[PDB]
$ cat final_20.pdb   # PDB, C-alpha atoms
ATOM      1  CA  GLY A   1       0.000   0.000   0.000
ATOM      2  CA  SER A   2       2.043   2.885   1.353
ATOM      3  CA  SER A   3       5.330   3.583  -0.388
ATOM      4  CA  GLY A   4       4.959   1.249  -3.345
ATOM      5  CA  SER A   5       4.534   2.377  -6.933
ATOM      6  CA  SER A   6       3.958   6.030  -7.742
ATOM      7  CA  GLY A   7       5.051   8.726 -10.163
ATOM      8  CA  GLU A   8       5.536   8.475 -13.909
ATOM      9  CA  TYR A   9       9.185   7.469 -13.964
ATOM     10  CA  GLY A  10       8.488   4.621 -11.569
ATOM     11  CA  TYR A  11       5.868   3.042 -13.798
ATOM     12  CA  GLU A  12       8.324   3.220 -16.673
ATOM     13  CA  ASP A  13      10.876   1.181 -14.761
ATOM     14  CA  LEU A  14       8.231  -1.318 -13.723
ATOM     15  CA  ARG A  15       7.442  -1.793 -17.395
ATOM     16  CA  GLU A  16       3.986  -3.271 -17.840
ATOM     17  CA  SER A  17       2.091  -4.928 -15.013
ATOM     18  CA  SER A  18       4.896  -6.436 -12.967
ATOM     19  CA  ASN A  19       2.653  -9.237 -11.761
ATOM     20  CA  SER A  20      -0.702 -10.126 -13.271
ATOM     21  CA  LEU A  21      -1.749 -13.065 -11.129
ATOM     22  CA  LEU A  22      -1.310 -11.037  -7.963
ATOM     23  CA  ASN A  23      -3.318  -8.133  -9.329
ATOM     24  CA  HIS A  24      -5.976 -10.571 -10.476
ATOM     25  CA  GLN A  25      -6.184 -12.127  -7.033
ATOM     26  CA  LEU A  26      -6.978  -8.611  -5.875
ATOM     27  CA  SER A  27      -6.877  -7.651  -2.215
ATOM     28  CA  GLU A  28      -9.195  -9.683  -0.019
ATOM     29  CA  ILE A  29     -10.963  -6.433   0.779
ATOM     30  CA  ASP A  30     -11.673  -5.375  -2.786
ATOM     31  CA  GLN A  31     -12.314  -9.000  -3.665
ATOM     32  CA  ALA A  32     -15.033  -9.193  -1.040
ATOM     33  CA  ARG A  33     -16.401  -6.056  -2.656
ATOM     34  CA  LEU A  34     -16.004  -7.234  -6.230
ATOM     35  CA  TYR A  35     -17.665 -10.548  -5.463
ATOM     36  CA  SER A  36     -20.194  -8.851  -3.217
ATOM     37  CA  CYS A  37     -20.929  -6.667  -6.219
ATOM     38  CA  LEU A  38     -20.581  -9.088  -9.107
ATOM     39  CA  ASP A  39     -22.903 -11.531  -7.385
ATOM     40  CA  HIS A  40     -25.485  -8.768  -7.233
ATOM     41  CA  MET A  41     -25.199  -7.628 -10.831
ATOM     42  CA  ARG A  42     -24.955 -11.340 -11.527
ATOM     43  CA  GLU A  43     -28.428 -12.250 -10.328
ATOM     44  CA  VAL A  44     -29.461  -9.405 -12.599
ATOM     45  CA  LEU A  45     -27.405  -9.625 -15.769
ATOM     46  CA  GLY A  46     -25.286 -12.544 -14.623
ATOM     47  CA  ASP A  47     -28.306 -14.551 -15.711
ATOM     48  CA  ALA A  48     -27.088 -14.408 -19.293
ATOM     49  CA  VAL A  49     -24.245 -11.928 -18.978
ATOM     50  CA  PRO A  50     -20.891 -13.355 -17.871
ATOM     51  CA  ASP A  51     -18.719 -12.154 -15.013
ATOM     52  CA  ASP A  52     -16.010 -10.327 -16.925
ATOM     53  CA  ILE A  53     -18.585  -7.972 -18.389
ATOM     54  CA  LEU A  54     -19.805  -7.238 -14.882
ATOM     55  CA  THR A  55     -16.291  -7.285 -13.474
ATOM     56  CA  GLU A  56     -15.224  -4.649 -15.971
ATOM     57  CA  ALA A  57     -18.243  -2.454 -15.341
ATOM     58  CA  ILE A  58     -17.249  -2.536 -11.690
ATOM     59  CA  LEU A  59     -13.706  -1.532 -12.565
ATOM     60  CA  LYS A  60     -15.337   0.921 -14.942
ATOM     61  CA  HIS A  61     -16.472   2.862 -11.897
ATOM     62  CA  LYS A  62     -14.018   1.556  -9.327
ATOM     63  CA  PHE A  63     -16.643  -0.617  -7.678
ATOM     64  CA  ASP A  64     -19.946   1.165  -8.170
ATOM     65  CA  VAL A  65     -22.720  -1.303  -8.904
ATOM     66  CA  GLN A  66     -25.188   1.562  -8.755
ATOM     67  CA  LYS A  67     -23.255   2.974 -11.687
ATOM     68  CA  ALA A  68     -21.985  -0.248 -13.214
ATOM     69  CA  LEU A  69     -25.649  -1.182 -13.396
ATOM     70  CA  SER A  70     -26.906   2.167 -14.631
ATOM     71  CA  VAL A  71     -24.255   1.730 -17.298
ATOM     72  CA  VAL A  72     -24.549  -2.019 -17.737
ATOM     73  CA  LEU A  73     -28.204  -1.242 -18.340
ATOM     74  CA  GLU A  74     -27.803   1.660 -20.736
ATOM     75  CA  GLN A  75     -25.240  -0.512 -22.478
ATOM     76  CA  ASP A  76     -27.883  -2.962 -23.635
ATOM     77  CA  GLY A  77     -30.765  -0.510 -23.709
ATOM     78  CA  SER A  78     -28.652   1.319 -26.261
ATOM     79  CA  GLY A  79     -29.541  -1.321 -28.824
ATOM     80  CA  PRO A  80     -33.322  -0.882 -28.646
ATOM     81  CA  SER A  81     -34.102   2.781 -29.194
ATOM     82  CA  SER A  82     -36.323   5.051 -31.254
ATOM     83  CA  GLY A  83     -39.594   3.992 -32.836
TER
END

$ encode --input "final_20.pdb" --output "structure tokens"
Amino acid sequence: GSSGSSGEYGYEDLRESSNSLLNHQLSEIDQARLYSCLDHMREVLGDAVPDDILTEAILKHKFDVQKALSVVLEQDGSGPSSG
């Protein structure tokens, strides 16, 4: 957390995501949130929609189902319009 990776230069050195797996694993905290969120949006879109889609949406608003949904909804609703 504290004193880790910051600044432009730093990133450069790092060169691409140092570790993917780790990142993926995500911090237990976030994870609990992601899952606690995904699950939700899951029972909604998850029905047919996969996880990634939802997962992204979440990361699309740094964990914000309320938004991820409002967006995940307008995303599909976009198709059917006008008449």

$ residues_around --input "final_20.pdb" --residues "residue 37 of chain A" --least-positions-apart "2" --cutoff "12 Å" --atoms "all atoms listed in the file" --output "PyMOL selection string"
chain A and resi 30-35+39-46+51+54-59+61-69

$ atom_distance --input "final_20.pdb" --atom1 "atom CA of residue 36 of chain A" --atom2 "atom CA of residue 21 of chain A"
20.5 Å

$ atom_distance --input "final_20.pdb" --atom1 "atom CA of residue 80 of chain A" --atom2 "atom CA of residue 48 of chain A"
17.6 Å

$ atom_distance --input "final_20.pdb" --atom1 "atom CA of residue 12 of chain A" --atom2 "atom CA of residue 24 of chain A"
20.8 Å

$ decode --input "final_20.pdb" --residues "segment 9-51 of chain A" --atoms "N, CA and C atoms" --output "short mmCIF file (atom, residue, chain, number, x, y, z; two decimals), in the first residue's frame"
data_model
loop_
_atom_site.label_atom_id
_atom_site.label_comp_id
_atom_site.auth_asym_id
_atom_site.auth_seq_id
_atom_site.Cartn_x
_atom_site.Cartn_y
_atom_site.Cartn_z
N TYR A 9 7.93 8.19 -13.84
CA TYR A 9 9.18 7.47 -13.96
C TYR A 9 9.04 6.03 -13.45
N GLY A 10 8.66 5.92 -12.19
CA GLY A 10 8.49 4.62 -11.57
C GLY A 10 7.85 3.63 -12.55
N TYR A 11 6.60 3.90 -12.88
CA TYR A 11 5.87 3.04 -13.80
C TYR A 11 6.77 2.57 -14.94
N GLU A 12 7.43 3.53 -15.57
CA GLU A 12 8.32 3.22 -16.67
C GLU A 12 9.23 2.04 -16.31
N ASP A 13 9.97 2.22 -15.22
CA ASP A 13 10.88 1.18 -14.76
C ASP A 13 10.12 -0.15 -14.67
N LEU A 14 9.04 -0.13 -13.90
CA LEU A 14 8.23 -1.32 -13.72
C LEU A 14 8.07 -2.03 -15.07
N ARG A 15 7.64 -1.25 -16.06
CA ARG A 15 7.44 -1.79 -17.39
C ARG A 15 6.32 -2.83 -17.38
N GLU A 16 5.14 -2.39 -17.80
CA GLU A 16 3.99 -3.27 -17.84
C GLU A 16 3.71 -3.86 -16.45
N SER A 17 2.49 -4.34 -16.28
CA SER A 17 2.09 -4.93 -15.01
C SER A 17 3.14 -5.95 -14.55
N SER A 18 3.86 -5.57 -13.51
CA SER A 18 4.90 -6.44 -12.97
C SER A 18 4.35 -7.85 -12.79
N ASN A 19 3.28 -7.95 -12.02
CA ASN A 19 2.65 -9.24 -11.76
C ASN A 19 1.16 -9.14 -12.08
N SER A 20 0.70 -10.09 -12.88
CA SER A 20 -0.70 -10.13 -13.27
C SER A 20 -1.51 -10.94 -12.25
N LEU A 21 -1.08 -12.18 -12.07
CA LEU A 21 -1.75 -13.06 -11.13
C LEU A 21 -2.13 -12.28 -9.87
N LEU A 22 -1.10 -11.80 -9.18
CA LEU A 22 -1.31 -11.04 -7.96
C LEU A 22 -2.49 -10.08 -8.16
N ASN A 23 -2.28 -9.11 -9.04
CA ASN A 23 -3.32 -8.13 -9.33
C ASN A 23 -4.67 -8.84 -9.40
N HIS A 24 -4.75 -9.81 -10.30
CA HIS A 24 -5.98 -10.57 -10.48
C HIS A 24 -6.55 -10.95 -9.11
N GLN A 25 -5.77 -11.69 -8.35
CA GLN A 25 -6.18 -12.13 -7.03
C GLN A 25 -6.91 -10.99 -6.31
N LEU A 26 -6.39 -9.78 -6.50
CA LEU A 26 -6.98 -8.61 -5.87
C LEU A 26 -6.94 -8.78 -4.35
N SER A 27 -6.91 -7.64 -3.67
CA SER A 27 -6.88 -7.65 -2.22
C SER A 27 -8.18 -8.22 -1.66
N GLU A 28 -8.04 -9.06 -0.65
CA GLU A 28 -9.19 -9.68 -0.02
C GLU A 28 -10.34 -8.67 0.11
N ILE A 29 -9.98 -7.49 0.60
CA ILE A 29 -10.96 -6.43 0.78
C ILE A 29 -11.74 -6.24 -0.53
N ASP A 30 -11.06 -5.63 -1.49
CA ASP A 30 -11.67 -5.38 -2.79
C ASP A 30 -12.43 -6.62 -3.24
N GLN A 31 -11.72 -7.74 -3.25
CA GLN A 31 -12.31 -9.00 -3.66
C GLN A 31 -13.71 -9.15 -3.07
N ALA A 32 -13.77 -9.07 -1.74
CA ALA A 32 -15.03 -9.19 -1.04
C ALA A 32 -16.05 -8.23 -1.65
N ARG A 33 -15.55 -7.07 -2.05
CA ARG A 33 -16.40 -6.06 -2.66
C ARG A 33 -16.79 -6.47 -4.08
N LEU A 34 -15.78 -6.82 -4.86
CA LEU A 34 -16.00 -7.23 -6.23
C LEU A 34 -17.05 -8.35 -6.26
N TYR A 35 -16.76 -9.41 -5.53
CA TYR A 35 -17.66 -10.55 -5.46
C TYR A 35 -19.03 -10.13 -4.90
N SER A 36 -18.98 -9.33 -3.85
CA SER A 36 -20.19 -8.85 -3.22
C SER A 36 -21.00 -7.99 -4.20
N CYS A 37 -20.30 -7.50 -5.21
CA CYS A 37 -20.93 -6.67 -6.22
C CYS A 37 -21.34 -7.56 -7.39
N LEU A 38 -20.34 -8.20 -7.98
CA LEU A 38 -20.58 -9.09 -9.11
C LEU A 38 -21.84 -9.92 -8.84
N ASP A 39 -21.78 -10.69 -7.76
CA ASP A 39 -22.90 -11.53 -7.38
C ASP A 39 -24.21 -10.78 -7.65
N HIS A 40 -24.30 -9.59 -7.07
CA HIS A 40 -25.48 -8.77 -7.23
C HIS A 40 -25.82 -8.63 -8.72
N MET A 41 -25.00 -7.85 -9.41
CA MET A 41 -25.20 -7.63 -10.83
C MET A 41 -25.36 -8.96 -11.57
N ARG A 42 -24.87 -10.01 -10.94
CA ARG A 42 -24.96 -11.34 -11.53
C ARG A 42 -26.41 -11.80 -11.59
N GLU A 43 -27.04 -11.83 -10.42
CA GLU A 43 -28.43 -12.25 -10.33
C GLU A 43 -29.30 -11.42 -11.28
N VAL A 44 -28.75 -10.29 -11.69
CA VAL A 44 -29.46 -9.41 -12.60
C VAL A 44 -29.09 -9.75 -14.04
N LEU A 45 -27.89 -9.36 -14.42
CA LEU A 45 -27.41 -9.63 -15.77
C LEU A 45 -26.72 -10.99 -15.80
N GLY A 46 -25.99 -11.28 -14.73
CA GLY A 46 -25.29 -12.54 -14.62
C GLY A 46 -26.10 -13.68 -15.25
N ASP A 47 -27.41 -13.55 -15.16
CA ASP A 47 -28.31 -14.55 -15.71
C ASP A 47 -27.75 -15.04 -17.05
N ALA A 48 -27.60 -14.09 -17.97
CA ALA A 48 -27.09 -14.41 -19.29
C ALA A 48 -25.69 -13.81 -19.44
N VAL A 49 -25.53 -12.61 -18.91
CA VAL A 49 -24.25 -11.93 -18.98
C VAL A 49 -23.23 -12.67 -18.11
N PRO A 50 -21.96 -12.69 -18.59
CA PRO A 50 -20.89 -13.35 -17.87
C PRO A 50 -20.45 -12.53 -16.66
N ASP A 51 -19.27 -12.86 -16.16
CA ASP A 51 -18.72 -12.15 -15.01
C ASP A 51 -17.85 -11.00 -15.50
#
